[PDB]
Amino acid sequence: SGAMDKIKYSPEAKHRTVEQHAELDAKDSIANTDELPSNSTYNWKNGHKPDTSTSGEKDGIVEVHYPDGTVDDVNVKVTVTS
């Protein structure tokens, strides 16, 4: 037996504040990518990319894809200013 990557690692959300119409790289919403394997990849969950076209408080979900194929879902928040 062994611990799969999504059990070993503990990604934590970073709250970002961005301007209306800003781009959002999913990795930028994870606070501790230095505590996760550097070959992990980050993407927005389908249907859960924060929409920066309007200002307000938005929610999103980051998928953290680990090298062993397991995946962590991370709830994040994005403040959009106008």
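Residue numbers here begin at 1 and follow the sequence given.
Checked against the record, the higher mean CA B factor of 21-29 and 60-68 lies with 60-68.
The question of which stretch, 1-9 or 71-79, has the higher mean Cα B factor is settled in favour of 1-9. Looking at the C-alpha B-factors along this chain, the one for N46 belongs to the lowest third. Sort the modelled residues of the chain by CA B factor and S40 lands in the lowest third. The entry lists a Cα temperature factor for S55 that places it in the highest third of the chain's modelled residues.
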